[PDB]
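Asks: Build me a structure from this.
(2 chains, ligands or ions: 1)
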Amino acid sequence: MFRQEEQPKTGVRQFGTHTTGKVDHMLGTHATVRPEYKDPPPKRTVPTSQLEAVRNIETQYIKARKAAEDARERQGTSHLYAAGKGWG
Amino acid sequence: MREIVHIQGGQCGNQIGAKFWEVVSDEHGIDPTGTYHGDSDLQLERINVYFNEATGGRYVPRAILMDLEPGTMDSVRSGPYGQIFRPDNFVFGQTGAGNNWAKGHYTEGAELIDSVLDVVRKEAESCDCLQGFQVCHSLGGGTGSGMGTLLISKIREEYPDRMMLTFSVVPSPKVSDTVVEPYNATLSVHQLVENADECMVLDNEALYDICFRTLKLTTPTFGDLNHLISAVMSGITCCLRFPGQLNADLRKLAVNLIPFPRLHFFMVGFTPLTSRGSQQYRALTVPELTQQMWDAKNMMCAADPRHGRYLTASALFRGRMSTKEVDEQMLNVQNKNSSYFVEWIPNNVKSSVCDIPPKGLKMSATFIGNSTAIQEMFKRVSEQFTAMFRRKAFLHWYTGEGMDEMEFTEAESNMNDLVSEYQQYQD
Ligand SMILES: Nc1nc2c(ncn2[C@@H]2O[C@H](COP(=O)(O)OP(=O)(O)O)[C@@H](O)[C@H]2O)c(=O)[nH]1
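Replies: Residues are numbered from 1 along each chain as shown, chains lettered A, B, ... in the order given. Find the structure here:
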């Protein structure tokens, strides 16, 4: 109806939504933390399975960590009350 | 609908609180995830006393895990029955007391006592009718004894009508995990004689003796020791969570077992403890339970009961049973040895029957004893204190923070007054 043209894109170089400054942790959820943005586990206690998988063989470090975990489990066992079963 | 707010303090208390919730959530039918999977209907009648309702049928405990080192609470969360607790209740410190009673009570516990009071205020206001606050800690520690007793002092000024049950682990006679155990113990009992309504005295070598000569365990661990004290904690509240023939709340144990306001230090004991070989052979009968329960070996305190007189004792029986074998067996133990019982209080033994036994047992019993024979334990701790305080060793950490050397005198003064009043009822 008229000779209609496009305005030129004259503006500042805009960064995407993936940057750490413009990231919205609650996007479209009405002030609730979005999924896959989880709370940090305390002290990041890695399981020994990943350390087994990284190395080829169960080395001395792997065996020492296994021994420490086994000692912790043996200390945690009550030997009078089974987990999920009654005394004895 | 009488709720208990559990507050765990220190490395021992968080470890013994984790083991305590392993026997409550399992017996109430709570899975490790948190939902309900109980096979009976009697559990869901009383869940509110130790759990809060949540979305999706989840039940979260009324537990406040209090510590000054983060190395204890991360172990509780990572263990079994561990992620049931709220993340807000997991209150933590950074510096850590380091087995110093002084630092927990005054300096580095002052900026945490406000952060633990509002959690307790939020929990206590949420429930409608409190029965009391239950705590579990040690007295030889620095985190659970120093800042733990500061919590008891500031919760009694807030709620002066509600009860207090302190499952306190005293320093052991034979062994000592910490050098400054006599300093921390005497200052912790200085608070506990006034503000605490009741005190449950536990000793490690008492637990070690039970696990050795009664349970026949070759190598007990701390998990063995924690779950025996956990059996007592579940045994006191067995009436609150379940109906019985003769009901008995915590305050029914308060009126019976306490003659005078300073007579609130009790010694505990869980009755049916057998080795794995001896489970099948020994018949589980009520006079057999009575014979084991009054024994000095089975009782869970290092003070020997034969050296003094029971001022008042109480027995809490759990399971389907008849009243007489509870009844005249408590009469039998008053007449067979009347010297071991006090004279001016007739019918010293209190009894109660609960209809729901703990898991894996047809019958069980739990003992509470207000003996004057526990003066030997407090006199022994005072003996170690006066040995150290005369030469004034291990004091520059205490007096270097802002407490005076005069304060140690009043800690010993009412310690000697606590055994002074224990002596004048034994005679
Ligand atoms: N029942 C029990 N007692 C423990 C355990 N670990 C340590 N203790 C006791 O706690 C005392 C040491 O106190 P500590 O743990 O440092 O107390 P905290 O400073 O308040 O954390 C020792 O005398 C032990 O007898 C446990 O797993 N179970």
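
Asks: CA atoms for contacts and neighbours, from now on please.
Replies: Will do.

Asks: Where do the strands of the stretch 101-250 of chain B begin and end?
Replies: B:129-138, B:163-169, B:198-202 (DSSP state E, counting those that start in this stretch).

Asks: Go through the ones you listed and name the closest to the ligand.
Replies: strand B:129-138 (5.9 Å; Cα to the nearest ligand atom).

Asks: what does the stretch 101-250 of chain B put close to the ligand?
Replies: Proximity of the stretch 101-250 of chain B to the ligand (Cα under 6 Å from any ligand atom) is limited to residues B:138, B:140-145, B:171, B:177, B:204, B:222, B:225-226.

Asks: if we go to 5 Å?
Replies: B:141, B:142, B:143, B:144, B:177, B:222, B:226 (Cα under 5 Å from any ligand atom).

Asks: burial of the nearest residue to the first one once chain neighbours are set aside, as a residue count?
Replies: Excluding the flanking residues, the one nearest residue B:141 by Cα to Cα, 6 or more residues apart in numbering or on different chains is residue B:99, at 4.8 Å. In terms of burial, residue B:99 registers 23 neighbours under the definition other Cα atoms under 10 Å in any protein chain shown.

Asks: same thing with residue A:76?
Replies: For residue A:76, the count of nearby residues is 18 (other Cα under 10 Å).

Asks: residues in contact with residue B:361?
Replies: Residues counted as contacts of residue B:361 (Cα atoms under 8 Å, 6 or more residues apart in numbering or on different chains) are A:86, A:87.

Asks: still on that earlier bit, going by distance to chain A, which of the residues of the stretch 101-250 of chain B next to the ligand wins?
Replies: residue B:222 (6.1 Å; Cα to the nearest Cα).

Asks: coming back round to it: name the element the residue nearest to residue B:141 belongs to?
Replies: When elements are defined using DSSP states H and E, residue B:99 is found to belong to no helix and no strand.

Asks: so which of the strands of the stretch 101-250 of chain B comes closest to residue B:345?
Replies: strand B:198-202 (19.9 Å; Cα to Cα).

Asks: For the closest one, give me every contacting residue.
Replies: By Cα under 8 Å, 6+ apart, strand B:198-202 touches B:163-170, B:192, B:229, B:254, B:264-268, B:300-302.

Asks: ok, 7 Å please
Replies: B:164-170, B:264-268, B:300-301 (Cα atoms under 7 Å, 6 or more residues apart in numbering or on different chains).

Asks: report the angle between the axes of it and strand B:163-169?
Replies: Put simply, strand B:198-202 runs at 20 degrees to strand B:163-169, going by axes from the mean of the first three to the mean of the last three Cα atoms, to 10 degrees.

Asks: Report the strands that pair with strand B:198-202, each with its relative direction.
Replies: Partner strands and pairing direction for strand B:198-202 (DSSP bridges) are strand B:163-169 (parallel), strand B:265-270 (parallel).

Asks: helix or strand right after the last one?
Replies: The one in question is strand B:265-270. Later in the chain than strand B:265-270, the nearest helix or strand by DSSP H and E is helix B:286-293.

Asks: Checking the residue in the stretch 251-400 of chain B that chain A sits nearest to next. Helix, strand or coil?
Replies: At 3.7 Å from chain A, residue B:360 is the closest residue in the stretch 251-400 of chain B, using Cα to the nearest Cα. When classified by DSSP: H, G, I helix; E, B strand; the rest coil, residue B:360 comes out as coil.

Asks: can you put the strands paired with strand B:198-202 in CSV and add mean neighbour count?
Replies: As requested, those are arranged in CSV below (neighbours: other Cα atoms under 10 Å in any protein chain shown):
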stretch, mean neighbour count
strand B:163-169, 23
strand B:265-270, 26
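
Asks: I'd like to know which of the residues of the stretch 101-250 of chain B next to the ligand are buried.
Replies: The neighbour count (16 or more other Cα atoms under 10 Å in any protein chain shown) marks B:141, B:142, B:143, B:144, B:222, B:226 as buried among these.

Asks: Name the nearest of those relative to residue B:56.
Replies: residue B:226 (31.6 Å).

Asks: The closest one is in contact with residue B:17, isn't it?
Replies: No: contact between residue B:226 and residue B:17 fails when scored by Cα atoms under 7 Å: they sit 8.6 Å apart.

Asks: If you count contacts, what does the helix or strand harbouring residue B:317 end up packed against?
Replies: Element membership of residue B:317 [criterion: DSSP H and E] is strand B:310-319. Using 3 or more Cα pairs under 7 Å, 6 or more residues apart in numbering or on different chains; DSSP states H and E as the contact criterion, the elements in contact with strand B:310-319 are strand B:349-354, strand B:363-371.

Asks: Relative to the ligand, which of those strands is closest?
Replies: Among the helices and strands packed on strand B:310-319, the nearest to the ligand by Cα to the nearest ligand atom is strand B:363-371 (17.9 Å).

Asks: Residue B:243: what's it in contact with?
Replies: B:354, B:355.

Asks: Repeat that for residue B:358.
Replies: Residue B:358 touches residue B:27, counting by Cα under 7 Å, 6+ apart.

Asks: again, but for residue B:363
Replies: Neighbour list for residue B:363: B:318, B:319, B:357 [criterion: Cα under 7 Å, 6+ apart].

Asks: Highest neighbour count among those residues?
Replies: residue B:318 (25 neighbours).

Asks: count of neighbours near residue B:20?
Replies: 22.

Asks: That one and residue B:228 touch, don't they?
Replies: No: with contact defined as Cα under 7 Å, residue B:20 does not count as touching residue B:228 (9.4 Å).

Asks: How about the contacts made by residue B:135?
Replies: B:6, B:7, B:8, B:165, B:166, B:167.

Asks: Buried residues, the longest helix anywhere in chain B. List them.
Replies: Counting by DSSP state H, the longest helix found in chain B is helix B:406-426. Buried residues in helix B:406-426, counted by 16+ other Cα under 10 Å: B:408, B:411, B:412, B:414, B:415, B:416, B:418, B:419, B:422, B:425, B:426.

Asks: Which pair of these spans the longest distance?
Replies: B:408 and B:426 (27.8 Å).

Asks: So what does the residue nearest to residue B:141 look like in phi/psi?
Replies: Dihedral pair for residue B:99: phi 50, psi 40, per degrees, to the nearest 10.

Asks: Spit out the contact partners of it.
Replies: Residue B:99 touches B:141, B:142, B:143, counting by Cα under 7 Å, 6+ apart.

Asks: Kindly reformat the residues you listed as TSV containing distance to residue A:31.
Replies: Converted to TSV, the contacts of residue B:99 look like this (distance: Cα to Cα, whole Å):
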residue	distance to residue A:31
B:141	43
B:142	41
B:143	38
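
Asks: mind checking the SS state of the residue lying closest to residue A:58 once chain neighbours are set aside?
Replies: Take residue A:58 and drop its neighbours on the chain: the residue closest to it by Cα to Cα, 6+ apart is residue A:52, 6.4 Å away. Of the three states, residue A:52 takes helix according to three-state DSSP.

Asks: Around chain B, pick out the residues from chain A.
Replies: Within chain A, the positions adjacent to chain B are A:42, A:75, A:76, A:77, A:78, A:79, A:80, A:84, A:85, A:86, A:87, A:88 by Cα under 7 Å from any Cα of the partner chain.

Asks: what about the fifth one, which helix or strand?
Replies: If you go by DSSP H and E, residue A:78 is not part of any helix or strand.

Asks: Neighbours of it, how many?
Replies: 20.

Asks: so who does it touch?
Replies: Taking Cα under 7 Å, 6+ apart, one finds B:223, B:224, B:227 in contact with residue A:78.

Asks: give me phi/psi at it?
Replies: Torsion angles, degrees, to the nearest 10, at residue A:78: phi -90, psi -30.
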